[PDB]
Amino acid sequence: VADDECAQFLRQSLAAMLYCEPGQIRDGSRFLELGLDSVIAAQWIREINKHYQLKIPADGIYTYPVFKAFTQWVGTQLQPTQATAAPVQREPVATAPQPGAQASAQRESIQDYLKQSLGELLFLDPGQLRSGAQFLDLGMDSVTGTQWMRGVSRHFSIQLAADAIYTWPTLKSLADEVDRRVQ
């Protein structure tokens, strides 16, 4: 129709109370002329509130005696939070205690599991790992590394090439790789 649709819709209900055709209307007609008595006005207001989804302060008609001008009082009540109002989209939590390991779960999950994987293979942890670790720390055979890395690959359901073993001379290297491979 036009921008007037908002007003016409209101004019429709107004004229419906008068049992008149909304086409034959003066846009400058004052509510009091039209006979929109306070009782009916309240009812009308409640209909606006429910069908347009807003809350009219009841002094709108009092301030704007012309229904055309009254739209300034109506349209301003439209909440600017009708489209973008989602508290969660894929979020399983609608609060934030701490977004540490709650967010970076995959990283710690791999890390500790990788430790237990290497630990099993290495037979015992001579400490609590070390930041670096050479091939010497991965066994005396290349078999230990191939078995382990394919295990890492298989457990986390990823396709990791064992030829990449020769690219990582240190324990820290596959640990940062696997996570980036997954995410």
# chains A, B, ... in the order shown; residues from 1 in each chain; ligands from 1

$ select_by_dssp --residues "stretch 19-173 of chain A" --states "helix (DSSP H, G or I)" --output "PyMOL selection string"
chain A and resi 31-34+38-51+60-63+67-75+105-122+135-138+143-155+162-167+171-173

$ residues_around --residues "residue A:139" --least-positions-apart "6" --cutoff "10 Å" --atoms "only C-alpha atoms" --output "list in words"
residues 118, 121, 122, 123 and 145 of chain A

$ write_last_selection --atoms "N, CA, C and O atoms" --output "compact mmCIF listing (two decimals), in the first residue's frame"
# COMPACT_ATOMS: atom_id res chain seq x y z
N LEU A 118 50.97 -41.11 25.46
CA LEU A 118 52.42 -41.19 25.49
C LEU A 118 52.89 -41.92 26.75
O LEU A 118 53.76 -42.76 26.67
N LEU A 121 52.67 -45.61 26.46
CA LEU A 121 53.68 -46.06 25.53
C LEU A 121 55.07 -45.99 26.18
O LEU A 121 55.84 -46.94 26.12
N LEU A 122 55.34 -44.89 26.83
CA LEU A 122 56.62 -44.62 27.45
C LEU A 122 56.80 -45.46 28.72
O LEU A 122 57.88 -45.49 29.31
N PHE A 123 55.70 -46.09 29.14
CA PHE A 123 55.62 -47.04 30.27
C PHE A 123 55.40 -46.31 31.60
O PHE A 123 54.68 -46.80 32.47
N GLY A 145 56.52 -44.07 17.77
CA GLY A 145 55.98 -42.85 17.25
C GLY A 145 54.87 -43.08 16.23
O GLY A 145 53.85 -42.40 16.27

$ residues_around --residues "residue A:32" --least-positions-apart "4" --cutoff "10 Å" --atoms "only C-alpha atoms" --output "ChimeraX atom specification"
/A:36-38,61,65-66

$ write_last_selection --atoms "N, CA, C and O atoms" --output "PDB file, in the first residue's frame"
ATOM      1  N   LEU A  36     -14.475   9.198  19.101  1.00  0.00           N
ATOM      2  CA  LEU A  36     -13.711   8.190  19.776  1.00  0.00           C
ATOM      3  C   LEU A  36     -13.645   8.578  21.240  1.00  0.00           C
ATOM      4  O   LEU A  36     -12.717   9.259  21.682  1.00  0.00           O
ATOM      5  N   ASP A  37     -14.657   8.186  21.955  1.00  0.00           N
ATOM      6  CA  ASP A  37     -14.799   8.497  23.368  1.00  0.00           C
ATOM      7  C   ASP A  37     -13.773   7.769  24.170  1.00  0.00           C
ATOM      8  O   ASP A  37     -13.320   6.722  23.728  1.00  0.00           O
ATOM      9  N   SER A  38     -13.416   8.286  25.327  1.00  0.00           N
ATOM     10  CA  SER A  38     -12.325   7.750  26.145  1.00  0.00           C
ATOM     11  C   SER A  38     -12.439   6.217  26.348  1.00  0.00           C
ATOM     12  O   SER A  38     -11.440   5.490  26.207  1.00  0.00           O
ATOM     13  N   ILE A  61      -3.372  10.388  22.459  1.00  0.00           N
ATOM     14  CA  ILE A  61      -4.581  11.021  21.888  1.00  0.00           C
ATOM     15  C   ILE A  61      -4.808  12.416  22.498  1.00  0.00           C
ATOM     16  O   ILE A  61      -5.355  13.321  21.864  1.00  0.00           O
ATOM     17  N   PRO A  65      -4.432  15.318  18.753  1.00  0.00           N
ATOM     18  CA  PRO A  65      -5.867  15.185  18.534  1.00  0.00           C
ATOM     19  C   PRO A  65      -6.203  14.776  17.099  1.00  0.00           C
ATOM     20  O   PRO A  65      -7.363  14.667  16.737  1.00  0.00           O
ATOM     21  N   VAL A  66      -5.185  14.527  16.317  1.00  0.00           N
ATOM     22  CA  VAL A  66      -5.324  14.183  14.899  1.00  0.00           C
ATOM     23  C   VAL A  66      -4.633  12.844  14.687  1.00  0.00           C
ATOM     24  O   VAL A  66      -3.436  12.712  14.968  1.00  0.00           O
TER      25      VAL A  66
END

$ residues_around --residues "residue A:158" --least-positions-apart "4" --cutoff "10 Å" --atoms "only C-alpha atoms" --output "JSON list (two decimals) with N, CA, C and O atoms, in the first residue's frame"
[["chain", "number", "residue", "atom", "x", "y", "z"],
["A", 150, "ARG", "N", 49.35, -42.49, 15.02],
["A", 150, "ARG", "CA", 48.17, -43.03, 14.38],
["A", 150, "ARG", "C", 47.06, -43.24, 15.40],
["A", 150, "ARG", "O", 45.89, -43.12, 15.07],
["A", 151, "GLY", "N", 47.44, -43.49, 16.63],
["A", 151, "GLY", "CA", 46.49, -43.62, 17.71],
["A", 151, "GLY", "C", 45.84, -42.28, 18.00],
["A", 151, "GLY", "O", 44.62, -42.20, 18.19],
["A", 152, "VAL", "N", 46.65, -41.23, 18.02],
["A", 152, "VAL", "CA", 46.18, -39.84, 18.21],
["A", 152, "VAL", "C", 45.18, -39.53, 17.10],
["A", 152, "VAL", "O", 44.07, -39.06, 17.34],
["A", 153, "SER", "N", 45.59, -39.85, 15.89],
["A", 153, "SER", "CA", 44.82, -39.66, 14.69],
["A", 153, "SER", "C", 43.47, -40.40, 14.78],
["A", 153, "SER", "O", 42.40, -39.80, 14.60],
["A", 154, "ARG", "N", 43.54, -41.67, 15.09],
["A", 154, "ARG", "CA", 42.38, -42.54, 15.13],
["A", 154, "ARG", "C", 41.40, -42.15, 16.25],
["A", 154, "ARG", "O", 40.19, -42.07, 16.02],
["A", 178, "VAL", "N", 47.54, -30.93, 16.24],
["A", 178, "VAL", "CA", 46.27, -31.71, 16.33],
["A", 178, "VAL", "C", 45.05, -30.81, 16.57],
["A", 178, "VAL", "O", 44.03, -30.96, 15.90],
["A", 181, "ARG", "N", 44.29, -28.85, 13.58],
["A", 181, "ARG", "CA", 43.78, -29.77, 12.59],
["A", 181, "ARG", "C", 42.29, -29.97, 12.78],
["A", 181, "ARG", "O", 41.52, -29.95, 11.82],
["A", 182, "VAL", "N", 41.89, -30.12, 14.03],
["A", 182, "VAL", "CA", 40.49, -30.33, 14.34],
["A", 182, "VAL", "C", 39.69, -29.03, 14.17],
["A", 182, "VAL", "O", 38.68, -29.02, 13.45]]

$ residues_around --residues "residue A:112" --least-positions-apart "5" --cutoff "12 Å" --atoms "only C-alpha atoms" --output "VMD selection string"
chain A and resid 105 to 107 117 to 119 128 to 129 152 175

$ atom_distance --atom1 "atom CA of residue A:78" --atom2 "atom CA of residue A:15"
23.9 Å

$ atom_distance --atom1 "atom CA of residue A:130" --atom2 "atom CA of residue A:159"
26.6 Å
